[PDB]
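Student: Quick one: this structure, given as C-alpha cells, is what I'll be asking you about.
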Amino acid sequence: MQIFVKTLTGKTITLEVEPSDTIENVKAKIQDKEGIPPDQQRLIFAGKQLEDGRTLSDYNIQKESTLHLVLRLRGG
Amino acid sequence: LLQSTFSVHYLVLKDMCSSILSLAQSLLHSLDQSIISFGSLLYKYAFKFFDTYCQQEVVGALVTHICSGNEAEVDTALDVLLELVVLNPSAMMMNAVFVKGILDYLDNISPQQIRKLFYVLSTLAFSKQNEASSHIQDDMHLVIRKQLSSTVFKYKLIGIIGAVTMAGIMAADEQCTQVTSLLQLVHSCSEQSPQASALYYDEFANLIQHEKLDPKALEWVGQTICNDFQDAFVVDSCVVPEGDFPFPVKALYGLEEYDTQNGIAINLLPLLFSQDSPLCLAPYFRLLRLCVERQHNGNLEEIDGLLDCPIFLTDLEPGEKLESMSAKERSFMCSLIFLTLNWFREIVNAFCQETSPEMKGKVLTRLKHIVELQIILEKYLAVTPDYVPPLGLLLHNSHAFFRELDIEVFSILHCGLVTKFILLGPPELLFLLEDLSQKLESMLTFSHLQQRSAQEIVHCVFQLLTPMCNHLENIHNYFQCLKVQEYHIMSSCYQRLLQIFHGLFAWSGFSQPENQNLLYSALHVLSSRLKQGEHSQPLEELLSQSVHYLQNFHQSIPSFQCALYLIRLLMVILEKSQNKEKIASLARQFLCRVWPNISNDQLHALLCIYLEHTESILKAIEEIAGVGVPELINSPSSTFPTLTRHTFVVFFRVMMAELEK
Amino acid sequence: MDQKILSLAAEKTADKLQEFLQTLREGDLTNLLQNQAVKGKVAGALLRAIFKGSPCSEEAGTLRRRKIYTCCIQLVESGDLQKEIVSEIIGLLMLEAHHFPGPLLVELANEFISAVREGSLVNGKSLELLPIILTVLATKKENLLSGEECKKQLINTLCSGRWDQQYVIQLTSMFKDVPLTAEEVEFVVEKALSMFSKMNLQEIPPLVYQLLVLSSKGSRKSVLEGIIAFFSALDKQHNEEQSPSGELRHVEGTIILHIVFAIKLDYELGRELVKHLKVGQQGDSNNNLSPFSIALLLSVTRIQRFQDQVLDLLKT
C-alpha cells in the first residue's frame with residue numbers, strides 16, 4: 001500500500017510498502033529511490049521516532065499516512 | 001577515607017550503585033573544587049571496584065555530564081574519563097560505544113574540551129591489545145575525514161583539532177604511511193582557507209613542542225616543512241622584486257654585519273599584494289623551528305642565516321609625509337607592520353635560547369626593530385582611526401592580536417641597561433617588563449603559557465626575575481636619584497618592576513608548604529642584595545632584611561602608582577610574619593608628598609591602606625577633619641595635599657566607610 | 001561543434017577565446033539544450049572553457065557571463081534533465097561566482113526574484129546560487145547604495161512579495177546560508193510565521209526545522225512565540241469546533257518532537273523557552289500556557305538538564 005515521506009527540503013516521495021515490512025526495509029527503499037544512507041535516516045510518525053526492529057503494524061500506519069524524514073549527520 | 005571505604009566495603013556498597021552515582025551527580029553540579037574533587041573520586045572508585053553493570057552506569061553518567069552540563073561539569077567529567085582510560089582501557093573498551101556517543105554533540109563543546117575529548121577517544125582507540133577491536137579505529141578515521149570534508153569553518157576547526165591530536169597519539173613503518181596520509185589530507189583540505197591553515201600550523205606546533213613522539217615521524221615531516229618554508233617565502237636578494245607597486249620597495253631591516261651579497265631574503269610584501277599564505281608565515285616558522293629543535297637537540301645552524309635577512313618592504317619609517325592620502329594603502333601599511341612585528345616576535349622567540357654573544361646582539365637589534373615598528377604602527381593607528389585588521393585600541397592589540405612570546409625570551413633580561421640620557425636600552429626593557437607583568441597578572445590572579453602549570457611559571461621566574469631585575473631596580477634608583485620621554489619610559493619600567501615583584505610575592509601557592517623552599521631562596525636574593533655572609537638565617541630575619549632593603553626606594557618613586565605597588569608589596573611580604581606603624585608612616589609620607597594627575601582609585605586604595613593600619617582610626621579621622629576645614633579658608637591644595645576640591649569626595653568616602661567598619 | 005572550444009582553453013588565455021564569443025553571437029539556448037541530450041559530459045567541460053574564456057576584467061565578457069548564467073538558470077528549471085548533470089552544473093556555478101563586480105549580480109538577483117514571483121520552480125536547485133551571492137555582495141563595500149543596502153533591498157523584495165506556496169520551505173532553506181542582521185532574521189521569521197496560515201498542515205514541521213537552524217543565528221523568542229501562539233489558536237479552533245483531530249494532533253506531536261530535538265543541539269533555545277513560558281508575576285500565567293505549550297514543556301522534560309526547571313515551573 002501507499003504512504004508519503006516528507007523530508008526537510010519539502011520533497012515528498014511516495015512509497016509502496018506493506019505493513020508486514022519492517023522499518024529498515026522502508027529505509028532501504030529510501031536508499032534505493034533517494035540515495036540517503038539508512039544510518040543517517042531518522043523517521044518520525046505522529047510525534048514518535050520509529051525504532052528499527054518494529055514494523056508499520058506496531059505504529060498503526062494506515063493508507064496515505066505521512067512520515068517525516070530527517071538526516072542525522074553525527075558530526076557534519 | 002574514601003579509598004579505605006571503597007577498598008574494604010565494596011561488597012556492601014555493590015547494592016547501592018545508583019545511590020552512589022546520584023550523590024556523585026549532585027556533588028558535581030556545585031562550585032568549590034574540593035567538592036568537585038570528591039564528586040570525581042566517587043566516580044573513579046565506583047568504576048574501580050564495582051561490577052560491569054555499575055561501570056556501564058558510571059560511563060553513562062559521565063557522558064550525561066559531558067553532553068548536558070556546564071564548563072566545570074564537562075571539564076571534570078572529561079578529566080574523569082581520561083583517568084579511567086589511563087587506569088583501565090579494557091573496562092572502557094566494553095562501553096566504548098557510549099564514549100562514541102559524544103560525537104553527536106560536538107556543536108555544544110568548547111574547542112579546548114574538543115581537544116580533551118579527541119585525546120581521550122583516540123587514547124582509548126590506540127592501545128595495542130585492542131587492535132582486534134578496530135571498529136572504533138576505522139570509525140573515528142571516518143568521522144575525521146567526514147568533518148574535514150565540510151566547507152563550513154566550524155566543522156573544519158573540529159576536523160583539524162581531531163586530526164592533529166589523533167596523529168599525535170597514534171605517532172607514540174605502515175603507521176608512518178598512516179600519519180603521512182592523515183597529515184597530507186588535513187594539509188590538502190586545510191590549504192585553501194588561511195584561518196584553517198594557521199590553526200593547523202598552531203596545533204601541529206603545539207603537538208611537536210609539548211609531546212616527545214617517535215623521532216622517525218619527525219625526521220619524515222621535517223624534510224617536508226623545511227622545504228615548503230624555504231620555497232614558500234625565501235627568494236633571492238635581488239634589489240628589484242616582481243610586482244607593479246606604487247611604493248619604493250627595498251630590502252629593509254638587515255643586520256648589515258652579515259654578508260649583504262647573500263641569497264636568503266623574504267618576499268613578504270609581493271606575497272601580501274598578490275593576496276589582494278602570507279598570514280601563515282609566523283606559525284609555519286614556529287613549526288619549522290620546533291622540528292629542527294626536536295631533530296638536532298636545539299641546534300639551529302640550518303636556520304641561523306634567516307634572522308640575518310632583510311624583508312622586502314615599503315619605506316615605512318615616515319608615516320607623516322604621506323598624511324591625508326588616506327586609502328586602502330593605509331590598511332596595506334598597518335597590516336604590513338603587523339606581519340613584520342609578528343615575524344620579528346617569532347624570530348626573537350626562536351633565537352633567545354642560544355648562548356652565543358653575537359646572536360644575543362642580533363636579538364637585541366631585533367628588539368630595537370620591534371619597538372621602533374611598534375612606534376610606527378601606533379602612529380599609523382593614531383592617524384587612521386578605525387581601520388583595524390583582525391588577523392587572530394592599543395590595549396586590544398597588545399594581548400590578543402600579536403604573537404605570544406615564550407618564557408625563555410626573558411633570558412634576554414640578564415643583560416644590563418645603558419641609559420641614553422645620563423651616559424639593552426630603556427624602551428626594549430619596558431617592552432619585556434610589560435610582557436612579563438601581563439603574563440603574571442593573568443597566570444597568578446595566553447595559550448602557550450597556560451599549558452605550563454602556575455607552579456612551573458613561579459619556579460622558572462624565580463631564576464628569571466630576582467638576581468637580574470634587582471640590578472635594573474638599583475639602576476632605576478640611581479637614575480631617579482638624579483629628556484622628558486626617557487623619564488616617561490623609565491617611570492613605567494619602575495612601575496612594571498614593582499608590579500612583577502608584587503605579583504610574584506602575592507602568589508597564593510605560598511600558603512602551601514611545598515613552594516615555601518622557593519620563597520626562602522626568594523628572600524635569599526632580597527636579603528643578599530645589601531650584604532652577604534649571614535647564611536641559614538631565620539625566616540623573620542630574612543623578612544626584616546628584605547623589607548629594610550625594599551623600604552629605601554621611597555624617595556626615588558616618581559609617581560603615585562609605584563608608591564601604591566611598593567606599599568602593597570611591603571604588606572604582602574610583612575603578612576608572612578609593630579609593623580602597622582611602618583605601613584602607616586609610609587602611607588602618611590606618600591599622602592603628604594606633592595606628586596607633580598592621580599586617579600581616584602589609586603588614592604582610595606592608599607587611604608584604606610593608611611586608615612586600617614594607624615594606631616587610632618578615630619584620632620586619624622579627627623586629624624583629617626581638622627584639615628578638611630582649612631582647605632576652604634586658605635586655598636581658593638592644603639597642609640596635607642592631594643586633598644583638592646576634587647579629592648575631598650574620596651577622602652570623605654574612605655573616612656565614612658572606615659568609621660562605620 | 002564542441003571540438004573547436006577544447007583546443008582554445010588549452011594553449012593560452014583570452015587571445016583566442018574572446019573572439020570565439022563575438023564571432024558566434026547567434027544563440028546560446030539551442031547550443032546547450034541539445035548537446036546534453038546525446039552526452040551530458042560535453043556540457044560541464046564546455047562551461048570550464050566558456051567561463052575560463054570570459055573573465056570580468058572587460059565588459060563584453062561580463063555581458064556574455066550574464067547571458068550564459070541566465071540561459072543555464074532557465075534550462076535547469078525548464079528541462080527534465082538527469083540529477084547527475086544538474087548537480088555538476090550547480091557545482092560549476094558554485095565554483096565560478098567568487099570574482100564578480102557589482103551591477104551584474106543585482107540583475108541576476110532581479111531574474112531570481114522574478115522567478116520567485118511567478119515561474120514554476122519544479123526543482124529548487126536553480127535558487128542554490130541565491131545563498132552565496134548575498135555573501136559576495138556583502139564583501140564589496142563600494143557604491144555599485146553600498147553592497148549591504150542592496151542586500152537589504154534584495155531581502156526586502158524577497159520578504160514583501162507573496163511566496164510561491166509549493167516551495168515556501170525551499171526559500172526558508174536559502175536564508176540559513178546567507179549572513180543576516182538581527183532585524184533581517186526578525187523580518188524573515190515574521191514572514192515565515194505569517195505564511196503558516198495559507199498552507200496544508202503537514203509541510204509545517206520541516207519548515208519549522210528550517211526555521212530552527214535559522215533561529216540558532218538570530219531571534220528565537222519570535223519563532224517560539226509565533227509557533228506556540230499559532231498552534232494554541234488552532235487548538236482553540238478545534239475546541240470550539242468540538243463544542244480534524246487525527247492530523248492536527250499528529251502535526252502538533254511532530255512539531256513538539258522537532259523542537260525538542262532542536263533544543264537538544266542548542267541549549268540557548270531551551271533556556272529562552274523556559275524564560276518565555278515563565279509564570280513570574282501572576283498576570284502572565286493567565287495568557288502564557290495552553291494545551292499545546294504544556295505538552296511541549298512535558299516533552300522538554302526528556303532532556304536531562306531541563307528536567308528540574310520545567311517540572312518546577314509546571315508545579316508552581
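Residue names in the C-alpha cells use chain letters A, B, ... in the order shown, residue numbers from 1 in each chain, and ligand numbers from 1 in the order shown.
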Applying 7 Å and only C-alpha atoms, which residues near region 101-107 of chain C remain after dropping the ones on its own chain fewer than 2 positions away? List them as a VMD selection string.

Tutor: chain C and resid 66 99 109 to 111 144

Student: Could you write out the selected residues, including C-alpha atoms, as a PDB file, in the first residue's frame?

Tutor:
ATOM      1  CA  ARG C  66      25.356  37.342 -17.565  1.00  0.00           C
ATOM      2  CA  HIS C  99      35.237  37.360  -8.554  1.00  0.00           C
ATOM      3  CA  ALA C 109      19.163  38.589  -8.471  1.00  0.00           C
ATOM      4  CA  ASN C 110      16.313  40.519 -10.223  1.00  0.00           C
ATOM      5  CA  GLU C 111      15.840  37.458 -12.505  1.00  0.00           C
ATOM      6  CA  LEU C 144      27.564  49.963  -7.168  1.00  0.00           C
TER       7      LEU C 144
END

Student: Using only C-alpha atoms and a cut-off of 10 Å, which residues of chain A sit close to chain B? Please list them as a list in words.

Tutor: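 Result: residues 72, 73, 74, 75 and 76 of chain A.
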
Student: I need the residues from that last selection saved to file as a compact mmCIF listing (two decimals), in the first residue's frame (with N, CA and C atoms), if you can.

Tutor:
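After the write, out-v5.txt holds the following:
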# COMPACT_ATOMS: atom_id res chain seq x y z
N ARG A 72 20.18 12.58 10.25
CA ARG A 72 21.03 12.63 11.47
C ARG A 72 22.49 12.47 11.05
N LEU A 73 23.14 13.58 10.72
CA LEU A 73 24.60 13.63 10.45
C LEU A 73 25.26 13.74 11.81
N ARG A 74 25.99 12.70 12.20
CA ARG A 74 26.64 12.62 13.53
C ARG A 74 27.47 13.87 13.80
N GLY A 75 28.51 14.12 13.01
CA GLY A 75 29.39 15.28 13.23
C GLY A 75 29.06 16.43 12.30
N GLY A 76 28.70 16.12 11.05
CA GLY A 76 28.62 17.05 9.91
C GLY A 76 29.54 16.67 8.74

Student: Taking only C-alpha atoms into account, what are the residues of chain A at most 9 Å from chain C, put as a list in words?

Tutor: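 Residues satisfying the distance criterion: residues 6, 7, 8, 9, 10, 44, 45, 46, 47, 48, 49, 66, 68, 69 and 70 of chain A.
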
Student: Please produce a file of the residues just selected, as an mmCIF file, in the first residue's frame, where the atoms kept are N, CA, C and O atoms.

Tutor:
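For reference, again_26.cif as written:
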data_model
loop_
_atom_site.group_PDB
_atom_site.id
_atom_site.type_symbol
_atom_site.label_atom_id
_atom_site.label_comp_id
_atom_site.auth_asym_id
_atom_site.auth_seq_id
_atom_site.Cartn_x
_atom_site.Cartn_y
_atom_site.Cartn_z
ATOM 1 N N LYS A 6 7.931 12.861 3.735
ATOM 2 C CA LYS A 6 8.323 14.265 3.513
ATOM 3 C C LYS A 6 9.640 14.516 4.241
ATOM 4 O O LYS A 6 9.769 14.176 5.431
ATOM 5 N N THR A 7 10.600 15.099 3.537
ATOM 6 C CA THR A 7 11.914 15.419 4.130
ATOM 7 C C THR A 7 12.024 16.915 4.386
ATOM 8 O O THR A 7 11.050 17.664 4.194
ATOM 9 N N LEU A 8 13.186 17.325 4.872
ATOM 10 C CA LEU A 8 13.417 18.709 5.327
ATOM 11 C C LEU A 8 13.421 19.754 4.223
ATOM 12 O O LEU A 8 13.137 20.916 4.541
ATOM 13 N N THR A 9 13.662 19.356 2.994
ATOM 14 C CA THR A 9 13.649 20.287 1.839
ATOM 15 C C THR A 9 12.273 20.308 1.178
ATOM 16 O O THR A 9 12.133 20.923 0.112
ATOM 17 N N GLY A 10 11.254 19.715 1.799
ATOM 18 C CA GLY A 10 9.886 19.738 1.276
ATOM 19 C C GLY A 10 9.667 18.752 0.154
ATOM 20 O O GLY A 10 8.580 18.785 -0.447
ATOM 21 N N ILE A 44 10.007 9.892 11.663
ATOM 22 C CA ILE A 44 9.064 10.397 12.694
ATOM 23 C C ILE A 44 7.644 10.216 12.173
ATOM 24 O O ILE A 44 7.349 10.632 11.041
ATOM 25 N N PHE A 45 6.780 9.639 13.000
ATOM 26 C CA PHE A 45 5.352 9.493 12.664
ATOM 27 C C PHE A 45 4.510 9.837 13.877
ATOM 28 O O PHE A 45 4.668 9.184 14.905
ATOM 29 N N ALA A 46 3.658 10.849 13.731
ATOM 30 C CA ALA A 46 2.681 11.309 14.742
ATOM 31 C C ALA A 46 3.394 11.685 16.042
ATOM 32 O O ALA A 46 2.870 11.401 17.135
ATOM 33 N N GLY A 47 4.566 12.296 15.918
ATOM 34 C CA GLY A 47 5.402 12.616 17.077
ATOM 35 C C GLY A 47 5.969 11.377 17.740
ATOM 36 O O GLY A 47 6.097 11.363 18.959
ATOM 37 N N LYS A 48 6.312 10.352 16.974
ATOM 38 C CA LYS A 48 7.014 9.178 17.535
ATOM 39 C C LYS A 48 8.175 8.826 16.622
ATOM 40 O O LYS A 48 7.969 8.614 15.414
ATOM 41 N N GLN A 49 9.364 8.765 17.192
ATOM 42 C CA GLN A 49 10.536 8.284 16.442
ATOM 43 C C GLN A 49 10.384 6.782 16.216
ATOM 44 O O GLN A 49 10.192 6.039 17.196
ATOM 45 N N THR A 66 1.634 9.931 6.420
ATOM 46 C CA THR A 66 2.774 10.809 6.106
ATOM 47 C C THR A 66 3.865 10.614 7.143
ATOM 48 O O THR A 66 3.594 10.811 8.325
ATOM 49 N N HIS A 68 7.901 11.624 8.386
ATOM 50 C CA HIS A 68 8.853 12.752 8.352
ATOM 51 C C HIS A 68 10.265 12.201 8.439
ATOM 52 O O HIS A 68 10.595 11.528 9.420
ATOM 53 N N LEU A 69 11.065 12.492 7.425
ATOM 54 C CA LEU A 69 12.459 12.018 7.347
ATOM 55 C C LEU A 69 13.375 13.183 7.704
ATOM 56 O O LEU A 69 13.297 14.255 7.060
ATOM 57 N N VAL A 70 14.226 12.980 8.702
ATOM 58 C CA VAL A 70 15.331 13.929 8.998
ATOM 59 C C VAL A 70 16.670 13.210 8.856
ATOM 60 O O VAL A 70 16.750 11.990 9.093
#

Student: Just want the 12 Å neighbourhood of residue 530 (chain B), counted on only C-alpha atoms, with same-chain residues fewer than 5 positions away dropped. Output as a PDB file with N, CA and C atoms, in the first residue's frame.

Tutor:
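Writing the result to around_11.pdb gives the following:
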ATOM      1  N   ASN B 470      66.828  42.926  40.119  1.00  0.00           N
ATOM      2  CA  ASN B 470      67.368  43.728  41.241  1.00  0.00           C
ATOM      3  C   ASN B 470      68.446  44.685  40.726  1.00  0.00           C
ATOM      4  N   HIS B 471      69.240  44.261  39.739  1.00  0.00           N
ATOM      5  CA  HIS B 471      70.232  45.132  39.059  1.00  0.00           C
ATOM      6  C   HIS B 471      69.518  46.313  38.395  1.00  0.00           C
ATOM      7  N   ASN B 474      68.194  48.696  41.031  1.00  0.00           N
ATOM      8  CA  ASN B 474      69.297  49.537  41.547  1.00  0.00           C
ATOM      9  C   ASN B 474      69.633  50.621  40.522  1.00  0.00           C
ATOM     10  N   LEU B 523      63.860  35.131  49.281  1.00  0.00           N
ATOM     11  CA  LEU B 523      64.353  36.044  50.337  1.00  0.00           C
ATOM     12  C   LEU B 523      65.880  36.036  50.349  1.00  0.00           C
ATOM     13  N   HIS B 524      66.494  34.918  49.968  1.00  0.00           N
ATOM     14  CA  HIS B 524      67.966  34.818  49.879  1.00  0.00           C
ATOM     15  C   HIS B 524      68.496  35.702  48.750  1.00  0.00           C
ATOM     16  N   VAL B 525      67.661  36.089  47.786  1.00  0.00           N
ATOM     17  CA  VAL B 525      68.076  37.104  46.788  1.00  0.00           C
ATOM     18  C   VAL B 525      67.907  38.484  47.421  1.00  0.00           C
ATOM     19  N   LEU B 542      65.158  37.200  57.558  1.00  0.00           N
ATOM     20  CA  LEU B 542      65.165  37.424  56.091  1.00  0.00           C
ATOM     21  C   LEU B 542      64.034  38.382  55.716  1.00  0.00           C
ATOM     22  N   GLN B 545      65.109  41.896  56.794  1.00  0.00           N
ATOM     23  CA  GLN B 545      66.198  42.336  55.889  1.00  0.00           C
ATOM     24  C   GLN B 545      65.605  42.748  54.542  1.00  0.00           C
ATOM     25  N   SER B 546      64.662  41.959  54.022  1.00  0.00           N
ATOM     26  CA  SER B 546      64.075  42.193  52.685  1.00  0.00           C
ATOM     27  C   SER B 546      63.267  43.487  52.697  1.00  0.00           C
ATOM     28  N   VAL B 547      62.463  43.701  53.735  1.00  0.00           N
ATOM     29  CA  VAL B 547      61.638  44.935  53.818  1.00  0.00           C
ATOM     30  C   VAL B 547      62.550  46.134  54.099  1.00  0.00           C
ATOM     31  N   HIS B 548      63.665  45.934  54.808  1.00  0.00           N
ATOM     32  CA  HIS B 548      64.642  47.019  55.066  1.00  0.00           C
ATOM     33  C   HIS B 548      65.337  47.419  53.768  1.00  0.00           C
ATOM     34  N   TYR B 549      65.580  46.451  52.887  1.00  0.00           N
ATOM     35  CA  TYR B 549      66.098  46.735  51.530  1.00  0.00           C
ATOM     36  C   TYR B 549      65.024  47.457  50.713  1.00  0.00           C
ATOM     37  N   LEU B 550      63.780  46.985  50.788  1.00  0.00           N
ATOM     38  CA  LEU B 550      62.697  47.487  49.912  1.00  0.00           C
ATOM     39  C   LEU B 550      62.221  48.866  50.350  1.00  0.00           C
ATOM     40  N   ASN B 552      63.851  51.669  51.307  1.00  0.00           N
ATOM     41  CA  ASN B 552      64.624  52.889  50.943  1.00  0.00           C
ATOM     42  C   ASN B 552      64.546  53.192  49.436  1.00  0.00           C
TER      43      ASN B 552
END

Student: Just to confirm, what's the straight-line distance from CA of residue 332 (chain B) to CA of residue 279 (chain B) in Å (one decimal)?

Tutor: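 Taking CA of residue 332 (chain B) as the start and CA of residue 279 (chain B) as the end point, the length is 12.9 Å.
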
Student: Quick one: residues within 9 Å of residue 19 (chain A), only C-alpha atoms counted, chain neighbours fewer than 6 positions away excluded, as a PyMOL selection string?

Tutor: chain A and resi 1+55-58+60-62

Student: Dump C-alpha atoms for the selected residues as a PDB file, in the first residue's frame?

Tutor:
ATOM      1  CA  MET A   1       0.000   0.000   0.000  1.00  0.00           C
ATOM      2  CA  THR A  55       7.055  -2.796  11.633  1.00  0.00           C
ATOM      3  CA  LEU A  56       4.316  -0.451  10.376  1.00  0.00           C
ATOM      4  CA  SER A  57       1.675  -2.565  12.204  1.00  0.00           C
ATOM      5  CA  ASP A  58       3.260  -1.678  15.596  1.00  0.00           C
ATOM      6  CA  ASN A  60      -0.675   1.875  13.384  1.00  0.00           C
ATOM      7  CA  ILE A  61       0.423   3.287   9.983  1.00  0.00           C
ATOM      8  CA  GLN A  62      -2.511   3.054   7.556  1.00  0.00           C
TER       9      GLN A  62
END

Student: If you run DSSP on the backbone here, which positions in region 122-241 of chain C get helix (DSSP H, G or I)? Please write them as a PyMOL selection string.

Tutor: chain C and resi 126-138+147-160+165-175+182-194+204-215+221-241

Student: What is the distance between CA of residue 173 (chain B) and CA of residue 211 (chain B), in Å to one decimal?

Tutor: 20.1 Å

Student: Skip region 187-190 of chain C itself and residues of its chain fewer than 6 positions away, then list as a VMD selection string all residues within 8 Å of it, counting only C-alpha atoms.

Tutor: chain C and resid 159 211 222 to 223

Student: Kindly provide, as an MDAnalysis selection string, the residues of chain C having any atom no farther than 10 Å from an atom of chain B, counting only C-alpha atoms.

Tutor: chainID C and resid 264:267 303:306

Student: What is the distance, in Å and to one decimal place, between CA of residue 569 (chain B) and CA of residue 544 (chain B)?

Tutor: 13.4 Å

Student: Run DSSP on the backbone and grab whatever in chain A lands in strand (DSSP E); send it over as a list in words.

Tutor: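 Matching residues for strand (DSSP E) in chain A are residues 2, 3, 4, 5, 6, 7, 12, 13, 14, 15, 16, 41, 42, 43, 44, 66, 67, 68, 69, 70 and 71 of chain A.
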
Student: Just to be explicit: take each residue in the selection above, keep N, CA, C and O atoms, and write the result as a PDB file, in the first residue's frame.

Tutor:
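Resulting contents of selection05.pdb:
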ATOM      1  N   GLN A   2       0.226   2.424  -0.149  1.00  0.00           N
ATOM      2  CA  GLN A   2       0.943   3.683  -0.432  1.00  0.00           C
ATOM      3  C   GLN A   2       1.065   4.539   0.825  1.00  0.00           C
ATOM      4  O   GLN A   2       0.086   4.696   1.558  1.00  0.00           O
ATOM      5  N   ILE A   3       2.250   5.101   1.030  1.00  0.00           N
ATOM      6  CA  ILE A   3       2.483   6.138   2.065  1.00  0.00           C
ATOM      7  C   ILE A   3       3.277   7.272   1.434  1.00  0.00           C
ATOM      8  O   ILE A   3       3.844   7.112   0.339  1.00  0.00           O
ATOM      9  N   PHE A   4       3.331   8.389   2.142  1.00  0.00           N
ATOM     10  CA  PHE A   4       4.161   9.551   1.756  1.00  0.00           C
ATOM     11  C   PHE A   4       5.300   9.685   2.751  1.00  0.00           C
ATOM     12  O   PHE A   4       5.141   9.338   3.929  1.00  0.00           O
ATOM     13  N   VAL A   5       6.438  10.170   2.273  1.00  0.00           N
ATOM     14  CA  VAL A   5       7.573  10.536   3.151  1.00  0.00           C
ATOM     15  C   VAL A   5       7.978  11.954   2.775  1.00  0.00           C
ATOM     16  O   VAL A   5       8.313  12.196   1.603  1.00  0.00           O
ATOM     17  N   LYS A   6       7.931  12.861   3.735  1.00  0.00           N
ATOM     18  CA  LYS A   6       8.323  14.265   3.513  1.00  0.00           C
ATOM     19  C   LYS A   6       9.640  14.516   4.241  1.00  0.00           C
ATOM     20  O   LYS A   6       9.769  14.176   5.431  1.00  0.00           O
ATOM     21  N   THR A   7      10.600  15.099   3.537  1.00  0.00           N
ATOM     22  CA  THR A   7      11.914  15.419   4.130  1.00  0.00           C
ATOM     23  C   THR A   7      12.024  16.915   4.386  1.00  0.00           C
ATOM     24  O   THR A   7      11.050  17.664   4.194  1.00  0.00           O
ATOM     25  N   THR A  12       8.518  15.384  -1.283  1.00  0.00           N
ATOM     26  CA  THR A  12       7.602  14.309  -0.871  1.00  0.00           C
ATOM     27  C   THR A  12       7.747  13.141  -1.823  1.00  0.00           C
ATOM     28  O   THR A  12       7.615  13.324  -3.027  1.00  0.00           O
ATOM     29  N   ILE A  13       8.015  11.974  -1.265  1.00  0.00           N
ATOM     30  CA  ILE A  13       8.263  10.746  -2.055  1.00  0.00           C
ATOM     31  C   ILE A  13       7.211   9.723  -1.657  1.00  0.00           C
ATOM     32  O   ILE A  13       6.906   9.564  -0.465  1.00  0.00           O
ATOM     33  N   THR A  14       6.658   9.054  -2.663  1.00  0.00           N
ATOM     34  CA  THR A  14       5.609   8.039  -2.466  1.00  0.00           C
ATOM     35  C   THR A  14       6.272   6.672  -2.335  1.00  0.00           C
ATOM     36  O   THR A  14       7.163   6.339  -3.140  1.00  0.00           O
ATOM     37  N   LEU A  15       5.869   5.910  -1.320  1.00  0.00           N
ATOM     38  CA  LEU A  15       6.463   4.590  -1.035  1.00  0.00           C
ATOM     39  C   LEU A  15       5.391   3.507  -1.115  1.00  0.00           C
ATOM     40  O   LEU A  15       4.287   3.685  -0.575  1.00  0.00           O
ATOM     41  N   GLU A  16       5.743   2.401  -1.763  1.00  0.00           N
ATOM     42  CA  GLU A  16       4.875   1.214  -1.897  1.00  0.00           C
ATOM     43  C   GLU A  16       5.382   0.159  -0.923  1.00  0.00           C
ATOM     44  O   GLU A  16       6.364  -0.565  -1.235  1.00  0.00           O
ATOM     45  N   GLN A  41      19.310   8.277   8.240  1.00  0.00           N
ATOM     46  CA  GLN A  41      17.853   8.485   8.194  1.00  0.00           C
ATOM     47  C   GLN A  41      17.266   8.387   9.599  1.00  0.00           C
ATOM     48  O   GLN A  41      17.719   7.547  10.399  1.00  0.00           O
ATOM     49  N   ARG A  42      16.283   9.230   9.877  1.00  0.00           N
ATOM     50  CA  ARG A  42      15.508   9.135  11.127  1.00  0.00           C
ATOM     51  C   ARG A  42      14.052   9.421  10.784  1.00  0.00           C
ATOM     52  O   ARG A  42      13.765  10.476  10.188  1.00  0.00           O
ATOM     53  N   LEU A  43      13.175   8.491  11.126  1.00  0.00           N
ATOM     54  CA  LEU A  43      11.758   8.529  10.701  1.00  0.00           C
ATOM     55  C   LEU A  43      10.891   8.922  11.889  1.00  0.00           C
ATOM     56  O   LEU A  43      11.039   8.331  12.984  1.00  0.00           O
ATOM     57  N   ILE A  44      10.007   9.892  11.663  1.00  0.00           N
ATOM     58  CA  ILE A  44       9.064  10.397  12.694  1.00  0.00           C
ATOM     59  C   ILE A  44       7.644  10.216  12.173  1.00  0.00           C
ATOM     60  O   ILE A  44       7.349  10.632  11.041  1.00  0.00           O
ATOM     61  N   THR A  66       1.634   9.931   6.420  1.00  0.00           N
ATOM     62  CA  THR A  66       2.774  10.809   6.106  1.00  0.00           C
ATOM     63  C   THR A  66       3.865  10.614   7.143  1.00  0.00           C
ATOM     64  O   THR A  66       3.594  10.811   8.325  1.00  0.00           O
ATOM     65  N   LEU A  67       5.046  10.224   6.682  1.00  0.00           N
ATOM     66  CA  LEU A  67       6.245  10.083   7.532  1.00  0.00           C
ATOM     67  C   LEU A  67       7.092  11.342   7.376  1.00  0.00           C
ATOM     68  O   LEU A  67       6.994  12.035   6.343  1.00  0.00           O
ATOM     69  N   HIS A  68       7.901  11.624   8.386  1.00  0.00           N
ATOM     70  CA  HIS A  68       8.853  12.752   8.352  1.00  0.00           C
ATOM     71  C   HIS A  68      10.265  12.201   8.439  1.00  0.00           C
ATOM     72  O   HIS A  68      10.595  11.528   9.420  1.00  0.00           O
ATOM     73  N   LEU A  69      11.065  12.492   7.425  1.00  0.00           N
ATOM     74  CA  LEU A  69      12.459  12.018   7.347  1.00  0.00           C
ATOM     75  C   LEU A  69      13.375  13.183   7.704  1.00  0.00           C
ATOM     76  O   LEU A  69      13.297  14.255   7.060  1.00  0.00           O
ATOM     77  N   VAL A  70      14.226  12.980   8.702  1.00  0.00           N
ATOM     78  CA  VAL A  70      15.331  13.929   8.998  1.00  0.00           C
ATOM     79  C   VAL A  70      16.670  13.210   8.856  1.00  0.00           C
ATOM     80  O   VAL A  70      16.750  11.990   9.093  1.00  0.00           O
ATOM     81  N   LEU A  71      17.693  13.959   8.444  1.00  0.00           N
ATOM     82  CA  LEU A  71      19.060  13.420   8.244  1.00  0.00           C
ATOM     83  C   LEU A  71      19.865  13.660   9.529  1.00  0.00           C
ATOM     84  O   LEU A  71      20.162  14.835   9.830  1.00  0.00           O
TER      85      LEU A  71
END

Student: I'd like the neighbourhood of residue 36 (chain C) as a PyMOL selection string, where a residue qualifies if any of its atoms comes within 9 Å (using only C-alpha atoms), though same-chain residues fewer than 6 positions away should be ignored.

Tutor: chain C and resi 42-43+81+85

Student: Between C:224, C:298, C:234, C:185, which has the minimum distance to residue 201 (chain C) (counting only C-alpha atoms)?

Tutor: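 That would be C:234, the residue with the smallest distance to residue 201 (chain C).
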